[PDB]
Structures are given as structure tokens and as C-alpha cells.
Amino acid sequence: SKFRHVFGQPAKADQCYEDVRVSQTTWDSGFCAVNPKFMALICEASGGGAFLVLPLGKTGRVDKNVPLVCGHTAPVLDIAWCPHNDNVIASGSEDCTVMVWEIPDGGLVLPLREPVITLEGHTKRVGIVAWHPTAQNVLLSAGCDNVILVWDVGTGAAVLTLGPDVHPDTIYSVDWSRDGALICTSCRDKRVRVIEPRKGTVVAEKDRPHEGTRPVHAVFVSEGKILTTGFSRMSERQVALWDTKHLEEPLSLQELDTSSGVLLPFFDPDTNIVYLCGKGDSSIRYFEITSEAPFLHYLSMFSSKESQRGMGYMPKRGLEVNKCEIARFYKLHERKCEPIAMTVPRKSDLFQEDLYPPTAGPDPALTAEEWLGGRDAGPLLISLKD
């Protein structure tokens, strides 16, 4: 493997974001969303709902009175940058709404309260927002009403609905496939569903990928496969790799350690690496996914003494390609956001092509109406050699 010596290297202190009141809400979302232009994290707000958005370059201590994105009338639970517009962010709130915000180049000057659009429909708090990867303006949300809504942000309309007949209990996670043809959902009723959301068809299901009582998260990995984190009977944390056409036994099931913290998976299709990090934890582990046995291979971990309250993940376009950076985590402490470069050691001056294949770019491959009518298409690809 060429990822055997991948290592984490935290930014220096003066390149961090400090003196920020990270939200204390107990919830299993990342709490941090980053893109090549801005850093956003969810704040501690008691009079309503707020999150911070700063120009990436505005490092050091944050002015205690910095403009926030407020708008929401109750705590924010989830935030995500639009993959085809670096100035647009969505948030889900305990006020039962998703709001879609526009951020100026230069960040805010004054507190932002009107969103581009307020997406009304959920009857309970909304703690999962997930942008469609390829279809312009398509946004999914899952609330604690156990309902999944898909929206056309361009028209403000809820265009698809999966009711609580589909997910009868808490939805722990939702992931779109590479081409946005499918979602993978994980439910408190212990089934991981693979759903064609347009015709609302469950195309594959695994009952109890894990035996424990705590949450299972699910992400799509390389073609045909999904990945779960979960817990054993004895609350031993597990990662499992599944072949979706044959869900009876996992391709690999590996026991990590006995903690209580939910591991969140971050899958990089350009390297076939998955990174696992939990709130409460001080480490980020990473595995490689291949088609040779045993399919899921432990690479290593970044270890630290500080436990994280959240994690963000830099899109490829913001990465130091010439510094062989293949990921950057945006790690939340109590009062601090700390970027962490993930790097492949190479001693070569040339662009490392093998490390940087063409990657999902910022332009949609389909419109909302096209994807809705039943077209699928993988993302439009760009060169990072630039």
C-alpha cells in the first residue's frame, strides 16, 4: 500500500481558530463544516440557534462579538456546505427547520438572520442535512419525526418524502451514493437500508449489522460496498465492511476498543481510505479499502491528548496538493478549532498523480428536475494539478 505511512500533523496554534464557544448540545453530527473558502462550526447559543462562519484565513482568537448566522429560533444540530456553491450553507435546527444561507466573500459584517430559504416540513428537530453530490440544488434532511425530506433549494419545495413507515425509529445517519442514485440510511430499529429515494424502493437491507445497543452509522464506500460503525454486545466498538449484494456476513468485521463514543466514518473515494472519529475520542483512525483480502485494512491512527467535540473535513479543492496533503480534519475542542493535515510522505518534486486522480468538482452534473425525472450521473471531475 502507498498509504502505509499516512500521518496526521496538527496546524500550529496561530493557524487555528481560538476563543470559540463550541456547542454543548449532545448530538452525533460533526458540528463543523469546512470548504476551501470558509470554516463553520456550531456554537453554544441559549437564546436561539447560531453557528460561526469565518474566512479560512481569519485564524487566531475569534473576536468575542463576531457576527454569527442566527436566524434559527432554537439550537442548530447540523450544518453542511453546498458542494456546487462555496458561499452557501444549510443548517438543521431544533426549531424543526432547515435554513439555507448565503455567505459573502469576506464573511459576515453583521449577524445574519434571513436565509435564502426556510425549508418547512419536519415536525420535530432536524439533525441531519445532506446535499446531493451531483444534482443541482438538491438537499436531503432527516428529522426526529423519522421522516426524510428531499428539497429543491432552488424552488423551496419538498420534492420527495420518506415517511415513518420507512424508518419507524430514529435515523442515525443518511449517506448519498457516489452518483446520488441511492441513499444508505441507518436506523435505531437496527436495519441499514439502501434506498432508491425517487421510487422510494429499499434495494438492499441488512438487519443488525452490529449486536450492541448504541448507534450504528453507515456510509457508502467503493462500488458495491458499504461501511458501518457500531458496537458489540459488550459495547466494543466495531467497523464492518459489507458487500451489498451479499449482506449475510461482513467482508470484514473488526473490533476497535471499548468506548461509548459513536465513530463517524469519512470515506475518501480518491484514495479508498476511510477515517473514523468519535466525539469524546482523542484519535482518528484510518483504514484502506481494497478488493484483495481482507478488504478492510487498518492503516494507522493520529493520536493526541485532547478529546474532540466535533470534526470537519476539507474538500479536495482546498488541499495542499503540492505538500502531499490528502485530507485535512478540522478538529473541535471545547473552545478551539484545530486543522489537522493528513499527509503521504513522498520525496519527489513532481505532482503525485497516483495520489490525486480527477476528483468531484464544484459543478453539478444534473439539474434537480433531471435527477427527479430519473437520470443519474456521477460527479463532474476536475484536475487538482490546476
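Each residue number is its position in the shown sequence, starting from 1.
- The deposited model assigns a higher average Cα B-factor to 301-309 than to the other stretch when 301-309 and 140-148 are compared.
- The PDB entry records a higher mean C-alpha B factor for 24-32 than for its counterpart among 52-60 and 24-32.
- The deposited CA B-factor of residue 44 belongs to the highest third of values across its chain.
- Among the modelled residues of its chain, residue 376 has a C-alpha B-factor that falls in the lowest third according to the deposited record.
- Among the modelled residues of its chain, residue 337 has a C-alpha B-factor that falls in the middle third, as given in the PDB entry.
- When the modelled residues of the chain are ordered by their C-alpha B factor, residue 163 lands in the highest third.
- Sorting the modelled residues of the chain by their CA temperature factor places residue 123 in the middle third.
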